[PDB]
Amino acid sequence: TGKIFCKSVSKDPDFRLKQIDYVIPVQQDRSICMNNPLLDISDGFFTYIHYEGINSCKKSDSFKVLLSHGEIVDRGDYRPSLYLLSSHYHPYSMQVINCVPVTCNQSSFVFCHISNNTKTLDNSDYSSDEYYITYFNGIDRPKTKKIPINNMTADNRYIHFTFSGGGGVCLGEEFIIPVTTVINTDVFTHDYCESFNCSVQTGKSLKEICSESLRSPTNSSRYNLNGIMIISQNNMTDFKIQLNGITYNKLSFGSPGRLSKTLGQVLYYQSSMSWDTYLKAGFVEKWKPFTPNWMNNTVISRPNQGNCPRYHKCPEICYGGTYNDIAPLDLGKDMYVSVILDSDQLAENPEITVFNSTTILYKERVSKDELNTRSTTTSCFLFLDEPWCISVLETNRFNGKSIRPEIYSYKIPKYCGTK
Amino acid sequence: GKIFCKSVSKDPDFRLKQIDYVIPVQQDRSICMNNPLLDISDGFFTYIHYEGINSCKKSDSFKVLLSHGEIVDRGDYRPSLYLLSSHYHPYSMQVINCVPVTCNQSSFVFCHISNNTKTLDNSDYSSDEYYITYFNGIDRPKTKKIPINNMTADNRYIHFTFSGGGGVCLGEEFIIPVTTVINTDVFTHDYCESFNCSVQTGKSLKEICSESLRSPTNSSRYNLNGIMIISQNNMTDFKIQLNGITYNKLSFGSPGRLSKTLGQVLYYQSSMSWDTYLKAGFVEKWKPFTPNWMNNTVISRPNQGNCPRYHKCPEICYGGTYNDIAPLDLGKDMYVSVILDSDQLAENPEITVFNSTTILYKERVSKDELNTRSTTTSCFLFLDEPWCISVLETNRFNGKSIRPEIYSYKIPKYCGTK
Amino acid sequence: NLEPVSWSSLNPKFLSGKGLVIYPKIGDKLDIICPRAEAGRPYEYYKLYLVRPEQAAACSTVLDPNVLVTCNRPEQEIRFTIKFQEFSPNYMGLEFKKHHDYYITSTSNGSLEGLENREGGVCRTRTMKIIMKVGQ
Amino acid sequence: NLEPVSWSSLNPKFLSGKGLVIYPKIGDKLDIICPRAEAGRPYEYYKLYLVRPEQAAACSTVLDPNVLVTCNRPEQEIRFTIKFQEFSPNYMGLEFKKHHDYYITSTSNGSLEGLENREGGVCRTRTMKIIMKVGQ
Amino acid sequence: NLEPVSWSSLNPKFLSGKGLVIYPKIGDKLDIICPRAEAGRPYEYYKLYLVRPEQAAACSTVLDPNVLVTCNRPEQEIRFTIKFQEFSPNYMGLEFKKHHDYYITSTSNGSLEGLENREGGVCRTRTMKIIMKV
Ligand SMILES: *[C@@H]1O[C@H](CO)[C@@H](O[C@@H]2O[C@H](CO)[C@@H](O[C@@H]3O[C@H](CO)[C@@H](O)[C@H](O)[C@@H]3O)[C@H](O)[C@H]2NC(C)=O)[C@H](O)[C@H]1NC(C)=O
Ligand SMILES: *[C@@H]1O[C@H](CO)[C@@H](O[C@@H]2O[C@H](CO)[C@@H](O[C@@H]3O[C@H](CO)[C@@H](O)[C@H](O)[C@@H]3O)[C@H](O)[C@H]2NC(C)=O)[C@H](O)[C@H]1NC(C)=O
Ligand SMILES: *[C@@H]1O[C@H](CO)[C@@H](O[C@@H]2O[C@H](CO)[C@@H](O[C@@H]3O[C@H](CO)[C@@H](O)[C@H](O)[C@@H]3O)[C@H](O)[C@H]2NC(C)=O)[C@H](O)[C@H]1NC(C)=O
Ligand SMILES: *[C@@H]1O[C@H](CO)[C@@H](O[C@@H]2O[C@H](CO)[C@@H](O[C@@H]3O[C@H](CO)[C@@H](O)[C@H](O)[C@@H]3O)[C@H](O)[C@H]2NC(C)=O)[C@H](O)[C@H]1NC(C)=O
Ligand SMILES: *[C@@H]1O[C@H](CO)[C@@H](O[C@@H]2O[C@H](CO)[C@@H](O)[C@H](O)[C@H]2NC(C)=O)[C@H](O)[C@H]1NC(C)=O
Ligand SMILES: *[C@@H]1O[C@H](CO)[C@@H](O[C@@H]2O[C@H](CO)[C@@H](O)[C@H](O)[C@H]2NC(C)=O)[C@H](O)[C@H]1NC(C)=O
Ligand SMILES: *[C@@H]1O[C@H](CO)[C@@H](O[C@@H]2O[C@H](CO)[C@@H](O)[C@H](O)[C@H]2NC(C)=O)[C@H](O)[C@H]1NC(C)=O
Ligand SMILES: *[C@@H]1O[C@H](CO)[C@@H](O)[C@H](O)[C@H]1NC(C)=O
Ligand SMILES: *[C@@H]1O[C@H](CO)[C@@H](O)[C@H](O)[C@H]1NC(C)=O
Ligand SMILES: *[C@@H]1O[C@H](CO)[C@@H](O)[C@H](O)[C@H]1NC(C)=O
Ligand SMILES: *[C@@H]1O[C@H](CO)[C@@H](O)[C@H](O)[C@H]1NC(C)=O
Ligand SMILES: *[C@@H]1O[C@H](CO)[C@@H](O)[C@H](O)[C@H]1NC(C)=O
Ligand SMILES: *[C@@H]1O[C@H](CO)[C@@H](O)[C@H](O)[C@H]1NC(C)=O
Ligand SMILES: *[C@@H]1O[C@H](CO)[C@@H](O)[C@H](O)[C@H]1NC(C)=O
Ligand SMILES: *[C@@H]1O[C@H](CO)[C@@H](O)[C@H](O)[C@H]1NC(C)=O
Ligand SMILES: *[C@@H]1O[C@H](CO)[C@@H](O)[C@H](O)[C@H]1NC(C)=O
């Protein structure tokens, strides 16, 4: 309803940025790397997840997976505070390939993919793996239920899938979790990619370039397609599981996504890990097929090494990129906020950026010094009738010492140009 | 004493603070306050800047402010600039250039005045006038004309202007940085001619290096850096001498600086030609004016055109930014300077503490993009600790009025504290 | 950011009569890449002058125009980044301000023999003039 | 910052027996420029693989080595910036750490016909291998 | 819906001479949020009057102008939603119609001492007037 804040192009914004340090634990071991953080906020409660590994920051290469439940609380500070309520380690952490958080009805829900094979997505199938829901609330002990993938229905001949993303969504009794699927046949079309007027590589044709750019980079015979999983149930009973693929309109290689409930709509985000290096996001129109109204963003990108750096546009067999959530601020003005990386090819210099689809409105660096950051996530909410946001950054400020993500809270500026 | 961070580290805490009460605030938004200069000596400073109407060019200025002041402890554990006197130059509408010198706890301003804004391209110094304006905290300013007729020169110079960010007082002698004009190639270039770079197909390196010293608007004139030594008997019987800089490692005429620091005399020369690395050094001899040039491989400056940041090879180039340095430790060869972290654009100022061969530590002034055309830095002992004050020719509000900014900061006591 | 402007006789953006007009706002970036060694080996040598509208129409430059950038090297991709701020690291200040006009041309013959030819050249033959009316 | 590495058969830094060794410290920048269209029109097309020392000796790659960057376009300045931080925007993590070894090669035939030849190629013929022992 | 108008002396939309003009069409929502407790604790107390243009220029109100909404509490974010329909749940009807003028101001001193000051106040000092030609 009410929305009072800066909605114009301006400089020197006052986000009133403050870092929160008491939520995420501090490990005494310097060799442990805490990586790939996830955070989902809903109805004043949050669910935080991160991975802990020994001398390696790879996600499935992790011996511990932390699951935190908490609440948003006013401390009279004129700003929202994170109150950590419960903190547990996942019972199958050393076999976790991926997890996705959902805060439903003021409680935490974690959807994880467990496998004996760290390369399960390249040489195995989902019948060989297991998928779990770990759910809990404040001080209650966590309970983990195995998802009956045998009684699962799919809209196509998928051979594998993993929960991959920064968050899911609760609608009534249904959970909607972002998922990346694997299929071993080329069932896709690429009118959007095939319409680009770019230099033709002398080797292959544009139709082949666009077909092949959807392939997995480690199994030339497999294709990674993004989608969603809809799980409806009768109070953890009589599970009904559905697997729907994303629209084939403006396809991009399988990548971690996100679903968020914001402003009465459902926003889907897909990290750009292929040739289209610009922001992939959109609101959900239909659920079958999963059709997000793709944005036409000409100003938001992400860094990456190789043939697809920041602002790269032309179709190319590319793989790589960073995950950088967005959060909508005003539906009518098409405004969004996101912690993006201000570098063409290196993952560094995070900047809080409030932007249009066509212009960047305002921005501020997170750190004055150069800061390594592999991924960011952002969630915004109403607090004291004012728009506040909390972001988590996968940081590496101490090179060689322990790695730990960072949480920042900031407010959208009420007026333009205040410093 | 000399207890501070002397190693490569991240996240330095300079305790940076902006000073706003020193530089006046003009009511007219169309007026541009540009080209600031600041010189600190013995706890007193002299600040100078130009004011113009809808144009930030130095001689295109209708007012030139001259401020004298003092460094004072406010119990803040940091130095504050205390403005004592503030006057406008009596010949502001004719000022081509000025250089500040704080001598004996007083201010001295050495200015070149001319009716012709293009005097350096088509005239000579007999057609122009040169003045010393001097004052302190109590005395009214007095301006005396410099008798260039009674000047002795070490070469056949045809023109000269005081050009630089500051001067130096030694006894009864003033030593002011100056840029001279001469219309014949009397110079040698072993340093430029020794570079092993691709030879451009039009001319050879001896021609390239001879012509790169020429004025870009008078193919017949050459701009050579130097100093002017003015000795006098209490504003009486002036004795003026004009000496050129050493021919070792010559660079096109450009604004320089002389500073009294750490028992030494530091010369700085802005890099406005092809050698884009820091030209600076302590003074060995005075005739010829020989600064012991550094081999700095990490400090440069931005510029558009054929000589951007870190450019080394000789080329007929013109352009650059003025960025003072200040020495911190003589034994460790450490210096500090506010440089511009951009290859071609003048933006993103960064306080940089550096070696001759490595950058030690640095910090951005602003989180947002900031336009900055030139910086000057001066450091001094305060409460037995090293503090520095820098002035930046800023343009943060594009389209509105321009006014420089003053920052004070401390060299970090310990490395990596945030 | 803006679309960079490759400065070569083989660029369509140079309208045959109007040159290349741009309407950049303050705080915009704009690269002016002078071309690399082209495939067909046609070495392109120019010398660009920041100029005034009157002599941009007449296509003549005296000694006062400053050589903004010269396309010396054929192999090296020489370039020229512009931010339309007021302060610029160039000799003679070159304040951009707003709602002004800024004209960039070259008077040079295609090759190095007429590199410093300032009388006529490309300004009228191919009308390779960059005109930048900021604002509007 | 470090010295960029021009990746062409006409680059001297590739020692005929020892390859190109670098001793970078953490937090250094390092570009790997693949060459522009060279003057003599010798079109150079490569495909670079992040590889293991064992497979670096044989100069062969299986499918698990990730195609780090490919030198497709001859005109466009294709590049690859590296900062030796831990976090990198590449698929498969690519943790740099300290006191490790990191080997980069290409198995490709000089032109695009053997662009994806993974058996031998430049890794042994010209020994264009970049080996990076961080530290020391 | 329309862009809400934060009612505080720290709002730029109030042009230094023209106030804040709005051209809403019928059936649009428009909130007028009176500010929360600001960070520096500068308690902002106002009393808003639905007024006529004549006394809106002179910035004076007699007893008949109706106190449209009062910003009593500093902590609680008191607000005021408007739909430009004809019928409104307010005393004195307040018909909006179309092609009319509607002026809202406050004559109050910044603090609670002059909360009910009706003579001058912010209407002329800061020209915080909302003028709505529908
Ligand atoms: C966010 O995107 C919207 C489009 O979805 C942009 O819309 C329009 O952008 C222009 C340019 O900034 C705004 O200014 C107008 O420019 C024209 C140019 O001729 C000028 O004649 C007008 O008087 C006006 O100044 C325009 O107001 C804006 N309109 C709307 C409805 O958004 C918008 O610019 C972007 N955001 C910002 C802050 O620019
Ligand atoms: C790349 O992905 C493809 C597609 O998933 C892999 O091919 C298929 O892998 C399955 C594994 O379940 C093979 O089927 C099984 O093989 C075992 C071997 O004993 C057999 O016991 C089972 O009854 C079943 O047949 C399947 O044959 C194979 N290909 C095809 C065409 O069906 C492939 O292995 C992956 N390669 C790499 C290098 O990752
Ligand atoms: C300032 O310049 C000097 C040279 O004039 C640099 O000298 C030396 O640089 C090395 C490399 O950073 C320093 O560390 C070395 O580390 C290894 C680690 O085992 C050690 O074995 C070496 O013996 C050496 O200590 C070295 O300390 C430094 N020289 C001295 C006398 O300390 C200097 O590094 C530059 N400044 C900084 C802050 O690096
Ligand atoms: C470029 O710089 C040179 C170096 O100063 C300039 O040389 C001088 O130019 C003037 C006129 O431009 C010459 O005129 C002289 O005027 C006096 C007064 O009538 C007369 O007595 C002399 O015999 C002569 O006519 C002057 O000779 C010449 N050289 C010197 C040493 O003064 C040149 O003019 C500058 N060109 C431009 C276009 O700026
Ligand atoms: C981004 O661009 C696409 C392509 O134009 C938009 O999709 C079209 O949206 C318009 C609405 O303005 C419809 O009339 C068209 O039918 C859509 N395209 C097709 C092929 O049906 C999309 O809406 C744009 N995103 C926005 C406006 O947010
Ligand atoms: C461009 O201008 C150059 C100027 O040097 C021309 O080169 C001269 O052309 C004249 C013809 O009028 C010859 O007599 C000279 O021998 C040439 N060289 C010199 C040094 O003067 C050139 O021909 C012009 N046209 C091009 C390069 O296409
Ligand atoms: C009347 O008041 C309105 C109030 O908004 C003015 O509308 C805006 O005025 C500003 C500055 O004058 C412009 O930047 C905006 O573009 C205007 N709004 C729109 C939608 O364009 C308006 O200018 C005033 N005067 C007139 C004659 O309408
Ligand atoms: C495969 O994974 C399941 C996960 O529950 C585990 O129970 C089983 O022991 C694993 N198989 C082997 C051989 O370890
Ligand atoms: C969550 O809220 C919905 C609201 O109708 C309710 O039906 C459901 O039982 C609640 N609990 C869960 C676990 O979804
Ligand atoms: C749902 O199932 C849980 C299982 O622990 C049970 O405690 C609860 O009573 C059931 N009903 C509701 C409404 O939650
Ligand atoms: C000026 O020069 C003359 C002769 O060159 C000399 O005698 C005199 O001492 C000098 N100084 C003054 C102040 O006249
Ligand atoms: C400045 O002080 C020194 C002190 O030695 C003195 O020699 C010199 O004459 C002074 N300058 C004046 C008085 O102008
Ligand atoms: C350039 O010459 C100097 C001195 O002759 C020499 O030391 C240097 O190595 C040369 N440059 C190159 C690239 O060989
Ligand atoms: C000049 O600086 C370079 C930079 O490394 C250095 O190699 C060279 O030895 C220096 N010259 C002298 C005489 O020290
Ligand atoms: C590289 O391998 C291809 C494979 O057929 C071959 O045709 C070509 O001649 C080889 N050599 C090159 C491309 O120089
Ligand atoms: C406003 O009016 C009150 C009425 O009592 C008065 O006390 C006060 O001084 C006035 N001015 C203010 C609050 O600035």
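Count begins at 1; order follows the chain as displayed.
Just so you know, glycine gets a Cβ as well, placed from its N, Cα and C.
Quick look at what Swiss-Prot annotates:
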DISULFID  E:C34-E:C71  disulfide bond
DISULFID  E:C59-E:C123  disulfide bond
CARBOHYD  E:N109  N-linked glycosylation site
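Features as recorded by Swiss-Prot, highlighted on the structure.
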residue: E:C34; record: disulfide bond; CB count, 10 Å: 23
residue: E:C59; record: disulfide bond; CB count, 10 Å: 20
residue: E:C71; record: disulfide bond; CB count, 10 Å: 23
residue: E:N109; record: N-linked glycosylation site; CB count, 10 Å: 18
residue: E:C123; record: disulfide bond; CB count, 10 Å: 26
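E:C123 (disulfide bond) carries a helical DSSP state (H, G or I).
Put simply, E:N109 is the one of the recorded positions E:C34, E:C71, E:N109 whose Cα lies nearest to the Cα of E:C59 (disulfide bond). Taking CA atoms as the reference points, E:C123 (disulfide bond) and E:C34 (disulfide bond) are 16 Å apart. In the vicinity of ligand 16, defined as a Cβ distance under 6 Å, the following of the recorded positions E:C34, E:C59, E:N109, E:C123 are placed: E:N109. If you take the Cα of E:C71 (disulfide bond) and the Cα of E:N109 (N-linked glycosylation site), they are about 12 angstrom apart, rounded to a whole number. Here the CA atom of E:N109 (N-linked glycosylation site) lies 15 Å from the CA atom of E:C34 (disulfide bond). Under the DSSP three-state reduction, the residue listed as 'N-linked glycosylation site' is assigned to coil, being neither helix nor strand.
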